[PDB]
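Chains as they are written, first to last, in the UniProt record's numbering: chain R, 12 to 60, 206 to 257, 263 to 394; chain E, 6 to 128, 133 to 340; chain P, 30 to 242, 269 to 340; chain A, 11 to 62. Structure, as structure tokens:
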Amino acid sequence: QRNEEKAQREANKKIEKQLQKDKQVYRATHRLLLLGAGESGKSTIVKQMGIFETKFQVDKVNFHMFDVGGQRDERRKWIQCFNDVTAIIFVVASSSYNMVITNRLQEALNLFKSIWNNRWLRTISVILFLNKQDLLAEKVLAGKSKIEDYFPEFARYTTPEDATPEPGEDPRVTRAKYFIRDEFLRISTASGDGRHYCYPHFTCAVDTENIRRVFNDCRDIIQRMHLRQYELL
Amino acid sequence: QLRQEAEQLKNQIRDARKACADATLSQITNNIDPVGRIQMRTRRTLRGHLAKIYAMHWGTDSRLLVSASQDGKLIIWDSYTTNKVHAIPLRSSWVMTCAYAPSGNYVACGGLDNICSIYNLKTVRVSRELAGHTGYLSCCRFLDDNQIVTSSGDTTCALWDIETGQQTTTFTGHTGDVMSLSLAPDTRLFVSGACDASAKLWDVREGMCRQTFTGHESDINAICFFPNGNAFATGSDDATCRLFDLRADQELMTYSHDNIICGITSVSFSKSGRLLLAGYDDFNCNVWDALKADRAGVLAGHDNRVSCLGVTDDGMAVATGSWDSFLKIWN
Amino acid sequence: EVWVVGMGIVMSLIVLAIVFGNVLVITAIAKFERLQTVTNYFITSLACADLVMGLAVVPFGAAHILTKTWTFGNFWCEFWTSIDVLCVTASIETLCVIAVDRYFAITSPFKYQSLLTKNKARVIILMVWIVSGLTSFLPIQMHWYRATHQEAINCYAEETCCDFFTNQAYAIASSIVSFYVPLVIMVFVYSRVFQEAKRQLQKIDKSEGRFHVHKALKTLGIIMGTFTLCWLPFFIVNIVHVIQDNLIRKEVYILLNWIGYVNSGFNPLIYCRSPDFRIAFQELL
Amino acid sequence: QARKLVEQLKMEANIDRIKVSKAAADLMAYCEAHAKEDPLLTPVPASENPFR
Ligand SMILES: CN[C@@H]1CCc2c(ccc(O)c2O)[C@H]1O
Numbered sequence: 012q013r014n015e016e017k018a019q020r021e022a023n024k025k026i027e028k029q030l031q032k033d034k035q036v037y038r039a040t041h042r043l044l045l046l047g048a049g050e051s052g053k054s055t056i057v058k059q060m206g207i208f209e210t211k212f213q214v215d216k217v218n219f220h221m222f223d224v225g226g227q228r229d230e231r232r233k234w235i236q237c238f239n240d241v242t243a244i245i246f247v248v249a250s251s252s253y254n255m256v257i263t264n265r266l267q268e269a270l271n272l273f274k275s276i277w278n279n280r281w282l283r284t285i286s287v288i289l290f291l292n293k294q295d296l297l298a299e300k301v302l303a304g305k306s307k308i309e310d311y312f313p314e315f316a317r318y319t320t321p322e323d324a325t326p327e328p329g330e331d332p333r334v335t336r337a338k339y340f341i342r343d344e345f346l347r348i349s350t351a352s353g354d355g356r357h358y359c360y361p362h363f364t365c366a367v368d369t370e371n372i373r374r375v376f377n378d379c380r381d382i383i384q385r386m387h388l389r390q391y392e393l394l
Numbered sequence: 006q007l008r009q010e011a012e013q014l015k016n017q018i019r020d021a022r023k024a025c026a027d028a029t030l031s032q033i034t035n036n037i038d039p040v041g042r043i044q045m046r047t048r049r050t051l052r053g054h055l056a057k058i059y060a061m062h063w064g065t066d067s068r069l070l071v072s073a074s075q076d077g078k079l080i081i082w083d084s085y086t087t088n089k090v091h092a093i094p095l096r097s098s099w100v101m102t103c104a105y106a107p108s109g110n111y112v113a114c115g116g117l118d119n120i121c122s123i124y125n126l127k128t133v134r135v136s137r138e139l140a141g142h143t144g145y146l147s148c149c150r151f152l153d154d155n156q157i158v159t160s161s162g163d164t165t166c167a168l169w170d171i172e173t174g175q176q177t178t179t180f181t182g183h184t185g186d187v188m189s190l191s192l193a194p195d196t197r198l199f200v201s202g203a204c205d206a207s208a209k210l211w212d213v214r215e216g217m218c219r220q221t222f223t224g225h226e227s228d229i230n231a232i233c234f235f236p237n238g239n240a241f242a243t244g245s246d247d248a249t250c251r252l253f254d255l256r257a258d259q260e261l262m263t264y265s266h267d268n269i270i271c272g273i274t275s276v277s278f279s280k281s282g283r284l285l286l287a288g289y290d291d292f293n294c295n296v297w298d299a300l301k302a303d304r305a306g307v308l309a310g311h312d313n314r315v316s317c318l319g320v321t322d323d324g325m326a327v328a329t330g331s332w333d334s335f336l337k338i339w340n
Numbered sequence: 030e031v032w033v034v035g036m037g038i039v040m041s042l043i044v045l046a047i048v049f050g051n052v053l054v055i056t057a058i059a060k061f062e063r064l065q066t067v068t069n070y071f072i073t074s075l076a077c078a079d080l081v082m083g084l085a086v087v088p089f090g091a092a093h094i095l096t097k098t099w100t101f102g103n104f105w106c107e108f109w110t111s112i113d114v115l116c117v118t119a120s121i122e123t124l125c126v127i128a129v130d131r132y133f134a135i136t137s138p139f140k141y142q143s144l145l146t147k148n149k150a151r152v153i154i155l156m157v158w159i160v161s162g163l164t165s166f167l168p169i170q171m172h173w174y175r176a177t178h179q180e181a182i183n184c185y186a187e188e189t190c191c192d193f194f195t196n197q198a199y200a201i202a203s204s205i206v207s208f209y210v211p212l213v214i215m216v217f218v219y220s221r222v223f224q225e226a227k228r229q230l231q232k233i234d235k236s237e238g239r240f241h242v269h270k271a272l273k274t275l276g277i278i279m280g281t282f283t284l285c286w287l288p289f290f291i292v293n294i295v296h297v298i299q300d301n302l303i304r305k306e307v308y309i310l311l312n313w314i315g316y317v318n319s320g321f322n323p324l325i326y327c328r329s330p331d332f333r334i335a336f337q338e339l340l
Numbered sequence: 011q012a013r014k015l016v017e018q019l020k021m022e023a024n025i026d027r028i029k030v031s032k033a034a035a036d037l038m039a040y041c042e043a044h045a046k047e048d049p050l051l052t053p054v055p056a057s058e059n060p061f062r
């Protein structure tokens, strides 16, 4: 009868030591959620990097990315699980503005609006990836399936002077790319209170620096979180 | 053509249920004495979890309980001495439910991975990995030492056999992601609720849906079954909690207040069935007088949202595990 | 009499404000589990230092000023002086380590979680308090701070008078250990934090210039200006009166010392403006 | 599809049900009978209470 308490105390001490080690390991790593459409090209981003988890480390920092496979349901109740993630990586194909499979771009905009305006994901920032940039350029310069017909607001839109055009680029596709970015940006800024931001990136399949981009975006996210905990920023 | 027949059948069901409304539960229960105010103090606080807790399950003996968290740890506590008997790492970090076998030898857990893992406590390794679901698995309960029912986001509930690892019986026809299920005191029957407002009753042996109830207006996050075996109360994302009756086929009373607008994540009944304890999206937890639908007391000790609620078999203790790692035992 | 009564009322108000704020902060941190954090441990250390200040050295000093006589023993005078030095240096060094914590959390965010933990926070607080003790108790209890000139020895011989007379070496060393080194550390870390905040603001403006969507300036201004305007005027004259014997009068020295004391009560207002602390205070009262 | 749904509703329709008054009376009687052995409803003595 007396030895039972001692055995329980020893087991508790061993479990507590293991839990402290797990505390260190868990706090070391960062968790990211990968959301996108099936044709958005998330597989391309995964290759560069029920549920698929890929672990990558850069600059001796452990990053854990979780991609939810299947579960193709409009209603998302599992998404409340990803409340402690560092960021939500959103992948959208900007070249799919014309595909019927409600346009794909409009469906992605609606999905981004739903994710942004979620009670659980209030503090979680979103990293936005715009794949198939080359395909978008090929479509825009082709002269077929103009943005204006699919997106009426494109006609009134004007290219922003305070932009960063590519070193070798065509003004028409630059206008298209910045309009596609600005749609998501205005969805982001309409309801954000400064607790979470959106980082739009023009990515490509050939590009291999997306890991560095996600690392920088996570650094900025944590830095802004720490700044906003205090009255600064 | 068939849609007209379905509409006629639904109208017939509505008329038949309206015919049995002899007197509401409020009219009969208004004569009985009020339960009064119940104040509950946190007797034990259990610490050691790393992330938010989703589900717990009291043991058949009131001493032991098991809890699950987003670290991937399935910690088993001795609630009397606040001692972690076992700490079970999980293959997948995401887990949304847990269960503790009535014999006390097995523990099961499952999450966004469709596989349901069953652990052998007395031997701690994975005795069997139950696979076959398509969506995220939401709840688990042990019918016996060899049978387990799992409800997933596949909009189906399944009955498993641990020895063979196959779905002995599959329950279908339920239009939403099933969130929670509860068993009768006897093994014969169980009930479940999903994202659609409908909560359905099932028969384990036959595998067919005997009854359905559509009282709610939003997703049914939680469900609990009355100790008498003839009623069950379901929580919802809507602030209402409603008590249904199997023999009557419609709700008897509704538990809500205009002050509260948050949803309900976990419900449970006291041993006598008088007190209906229900967790809420806001930080506190509420205690409802089931007979009279008057809030008896409030259990406010949690910093974050309450995700799991349980009452032990003998009714001595009430355990609440919120989205902070702290799990508290009330009494 | 009227002036004495007014001064007594003012010092009593100061003492009550200090003790009330510090006990409120300490009990808010102790009672609520969510208020326990690595930074909140440093906050608790600073609150404890200010509470010991307001309980031990402010009321006794007020009584000494009003009565114009030290009724207690000479050992009690030494003990009061030592606790005064201990409290001041502990509070200032705790402010310095809080600034270092903020700098490490902002400048290097990825490695911040591993760099500082609860055990490391406890070790840091213990080191700060041991440094404070070695600065205060050792030279005073062992009487290494005793001056040489006739006024100091006359004051020390008389048990009814308790005045502060210190050597050049101890005054310089105590000032450097207490204020100037933490002042330099805080200034550097807060300048770096301001630069990082401005860089982040410029990045946000670049990303969302066309859409609609100061504070850092106000926050750093209050945080650094309160501490500086409270303690720098005292420490400059602390060095000067040692350097120049006739430059600083006793009344000016005591007035600047009490202005420095007021920082103990000002600290909880600055360092407990977070919404969680506000919720805890509202629930307590 | 729709045939399965209409068959399910048809099977569900033909079930005997009791009046709400009888079910509520049974629930109230059960609660009154088992209220005695309810540690939550009636606080247990400190010696009897295991946790405290
Ligand atoms: C009696 N007043 C003392 C005298 C000198 C001194 C103080 C505080 C901190 C220091 O580091 C000091 O050297 C003052 O509070």
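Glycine is no exception: its CB is placed at the ideal position from the N, C-alpha and C atoms.
Check: Quick one, which of E:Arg46, E:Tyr111 and E:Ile37 has its alpha-carbon nearest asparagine 155 of chain E's?
Finding: As a position in the second sequence, residue 155 of chain E is number 146, starting the count at 1. Ranking the options by Cα distance to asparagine 155 of chain E, first place goes to E:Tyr111.
Next item on the list: Taking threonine 34 of chain E and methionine 38 of chain A to be in contact with their CB atoms under 8 Å, please state how far apart those CB atoms are, rounded to whole angstroms.
Entry: Locating residue 34 of chain E in the second sequence gives position 29, counting from the first residue. Locating residue 38 of chain A in the fourth sequence gives position 28, counting from the first residue. Indeed they touch by this definition, with Cβ atoms about 6 Å apart.
Item checked: Stretch-stretch touch, CB-based, cutoff 8 Å, three pairs: the segment 284-303 of chain P with the segment 329-339 of chain E -> Output reads no: the segment 329-339 of chain E does not touch the segment 284-303 of chain P.
Notebook entry, point to check: Going along chain P in order, which residues have a C-beta closer than 8 Å to the C-beta of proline 326 of chain R?
Noted result: On the first sequence, residue 326 of chain R is found 165 positions in, with the first residue counted as 1. Under the 8 Å cutoff, chain P gives no residues; its nearest Cβ is about 15 Å from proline 326 of chain R.
Next item on the list: Evaluate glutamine 384 of chain R with the Cβ neighbour count: other Cβ atoms within 10 Å of its Cβ, from every protein chain shown; 16 or more gives buried, anything less gives exposed.
Entry: By 1-based counting over the first sequence, the position of residue 384 of chain R is 223. Looking at its Cβ environment, which holds 16 or more other Cβ atoms inside 10 Å, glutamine 384 of chain R is buried.
Note to self: Can you check whether the C-beta of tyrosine 318 of chain R is within less than 9 Å of a C-beta belonging to chain B?
What the structure shows: In summary, chain B is missing from the structure at hand, where the protein chains are R, E, P and A.
Notebook entry, point to check: Where does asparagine 36 of chain E fall in DSSP's three states?
Noted result: To locate residue 36 of chain E, count along the second sequence from 1; it is residue 31. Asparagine 36 of chain E: coil per DSSP, three-state reduction.
Item checked: Limits of the unbroken beta strand (DSSP E) element including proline 94 of chain E -> Reading the second sequence from its first residue, position 89 is the one you call residue 94 of chain E. In the DSSP assignment, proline 94 of chain E falls within the beta strand (DSSP E) that extends over 88-94.
Check: Hey, would you say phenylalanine 217 of chain P sits closer than 9 Å to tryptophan 286 of chain P, going by beta carbons?
Finding: Taking the first residue of the third sequence as position 1, residue 217 of chain P is located at position 188. Taking the first residue of the third sequence as position 1, residue 286 of chain P is located at position 231. No, the Cβ-Cβ distance between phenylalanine 217 of chain P and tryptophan 286 of chain P is not below 9 Å.
Notebook entry, point to check: For ligand 1, any of its heavy atoms closer than 8 Å to the Cβ of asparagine 312 of chain P?
Noted result: For the purposes of this step, residue 312 of chain P is identified with residue 257 of the third sequence, where counting begins at 1. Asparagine 312 of chain P: yes, Cβ under 8 Å from ligand 1.
Note to self: In whole angstroms, give me the CA-to-CA distance for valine 158 of chain E and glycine 324 of chain E.
What the structure shows: In the second sequence, residue 158 of chain E corresponds to position 149, counting from 1. In the second sequence, residue 324 of chain E corresponds to position 315, counting from 1. If I take the Cα positions, the gap works out to 25 Å.
Next item on the list: Anything in chain R within Cβ reach of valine 216 of chain P, meaning under 7 Å, just list it in chain order.
Entry: Your numbering for residue 216 of chain P matches position 187 in the third sequence. Within 7 Å Cβ-Cβ: nothing; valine 216 of chain P doesn't reach chain R, min ~16 Å.
Notebook entry, point to check: My guess is that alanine 57 of chain P and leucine 339 of chain P are in contact by the Cβ rule of under 8 Å, so how many angstroms apart are they, rounded?
Noted result: As a first step, residue 57 of chain P must be located in the third sequence, where it is residue number 28. As a first step, residue 339 of chain P must be located in the third sequence, where it is residue number 284. About 6 Å separates the two Cβ atoms, so the contact holds.
Notebook entry, point to check: According to a CB-to-CB cut-off of less than 8 Å, which residues of the UniProt repeat "WD 7" (310-340) of chain E neighbour chain A?
Noted result: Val320, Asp323, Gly324, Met325, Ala326, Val327, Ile338 and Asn340
Next item on the list: Please name the residue, chosen from P:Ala176, P:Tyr199 and P:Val33, that lies closest to residue 254 of chain P on a Cα-to-Cα basis.
Entry: Position 242 is followed directly by 269 in chain P, which means residue 254 of chain P is not present among the coordinates.
Margin query: Going by the DSSP bridge assignment, what does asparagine 16 of chain E pair with across the sheet?
Written below: As a position in the second sequence, residue 16 of chain E is number 11, starting the count at 1. According to DSSP, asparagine 16 of chain E bridges with nothing at all.
Margin query: Could you tell me which whole alpha helix (DSSP H) segments of length 4 or greater appear in the segment 278-333 of chain E?
Written below: none
Margin query: For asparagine 239 of chain E and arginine 219 of chain E, which I take to be in contact (beta-carbon distance under 8 Å), what is that distance rounded to the nearest angstrom?
Written below: By one-based count along the second sequence, residue 239 of chain E stands at place 230. By one-based count along the second sequence, residue 219 of chain E stands at place 210. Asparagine 239 of chain E to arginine 219 of chain E, Cβ: 13 Å. No contact.
Note to self: Applying the 10 Å Cβ sphere with the 16-neighbour rule, what's the burial state of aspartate 246 of chain E?
What the structure shows: Residue numbering aside, residue 246 of chain E sits at position 237 when the second sequence is read from its first letter. Counting Cβ neighbours within 10 Å, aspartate 246 of chain E comes out buried, since at least 16 surround it.
Item checked: ligand 1 heavy atom lying under 8 Å from the CB of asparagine 293 of chain P -> Counted from its first residue, the third sequence places residue 293 of chain P at position 238. Yes, the Cβ of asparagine 293 of chain P comes within 8 Å of a heavy atom of ligand 1.
Checklist line | Inter-residue CB distance, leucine 75 of chain P and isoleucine 127 of chain P (contact presumed, cutoff 8 Å) | finding: Sequence index remark: in the third sequence, residue 75 of chain P carries index 46 (1-based). Sequence index remark: in the third sequence, residue 127 of chain P carries index 98 (1-based). Contact flag correct, Cβ pair sits at about 7 Å.
Check: Taking 8 Å as the cut-off, is the CB of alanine 92 of chain P close to at least one heavy atom of ligand 1?
Finding: Residue mapping note: residue 92 of chain P aligns to position 63 of the third sequence, counting from 1. False, no ligand heavy atom lies under 8 Å from that Cβ.
Margin query: Could you check whether the Cβ of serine 57 of chain A sits closer than 9 Å to any Cβ belonging to chain E?
Written below: Taking the fourth sequence and counting its residues from 1, the one referred to as residue 57 of chain A is at position 47. Output row for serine 57 of chain A: interface = no.
Check: Does any heavy atom of ligand 3 sit closer than 8 Å to the C-beta of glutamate 225 of chain P?
Finding: Of the ligands this structure carries, namely ligand 1, none is ligand 3.
Note to self: Rounded to whole angstroms, what is the Cα-Cα separation between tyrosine 326 of chain P and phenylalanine 61 of chain P?
What the structure shows: Numbered from its first residue, the third sequence carries residue 326 of chain P at position 271. Numbered from its first residue, the third sequence carries residue 61 of chain P at position 32. Their Cα atoms are separated by approximately 17 Å.
Next item on the list: Sort out for me which residues DSSP pairs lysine 78 of chain E with in a bridge.
Entry: Position 73 of the second sequence, counting from 1, holds the residue named residue 78 of chain E. Looking at the DSSP output, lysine 78 of chain E sits in a beta bridge with E:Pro94.
Note to self: Going by C-alpha to C-alpha distance, which of P:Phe223, P:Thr281 and P:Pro288 sits closest to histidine 269 of chain P?
What the structure shows: Here residue 269 of chain P is taken as the residue at index 214 of the third sequence, counted from 1. Of P:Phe223, P:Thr281 and P:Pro288, the residue nearest in Cα terms is P:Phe223.
Item checked: CB contact below 9 Å: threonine 159 of chain E versus chain R -> Residue 159 of chain E sits at position 150 when you count from the first residue of the second sequence. Not closer than 9 Å to any Cβ of chain R, the Cβ of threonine 159 of chain E fails to qualify, so no.
Item checked: Assigned exposure category for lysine 280 of chain E - 16 Cβ within 10 Å defines buried -> Within the second sequence, the letter at position 271 stands for residue 280 of chain E. When all chains shown are included, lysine 280 of chain E counts as buried.
Checklist line | Simplified DSSP state of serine 41 of chain P, which is helix, strand or coil | finding: Within the third sequence, residue 41 of chain P is the residue found at index 12, counting from 1. DSSP places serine 41 of chain P in helix when its eight states are reduced to three.
Margin query: Please tell me whether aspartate 83 of chain E has its Cβ less than 9 Å away from any Cβ of chain R.
Written below: Within the second sequence, residue 83 of chain E is the residue found at index 78, counting from 1. Judged by the 9 Å Cβ criterion, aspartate 83 of chain E is in contact with chain R.
Item checked: the segment 83-93 of chain P / the segment 175-184 of chain P touching (three or more Cβ pairs under 8 Å) -> no
Note to self: Does the contact criterion of 3 or more C-beta pairs under 8 Å hold for the segment 103-118 of chain P versus the segment 134-148 of chain P?
What the structure shows: no
Checklist line | Whether residue 267 of chain P touches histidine 387 of chain R by CB criterion (9 Å) | finding: Between 242 and 269 in chain P the model has nothing, and residue 267 of chain P is one of the residues in that span.
Check: Taking Cβ-Cβ distances shorter than 8 Å, what residues in chain R pair up with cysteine 204 of chain E?
Finding: Your numbering for residue 204 of chain E matches position 195 in the second sequence. The answer, in chain order, is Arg231 and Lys233.
Note to self: Quick check: is any heavy atom of ligand 1 less than 8 Å from the C-beta of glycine 310 of chain E?
What the structure shows: Translated into the one-based positions of the second sequence, residue 310 of chain E becomes position 301. Every heavy atom of ligand 1 is 8 Å or more from the Cβ of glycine 310 of chain E, so no.
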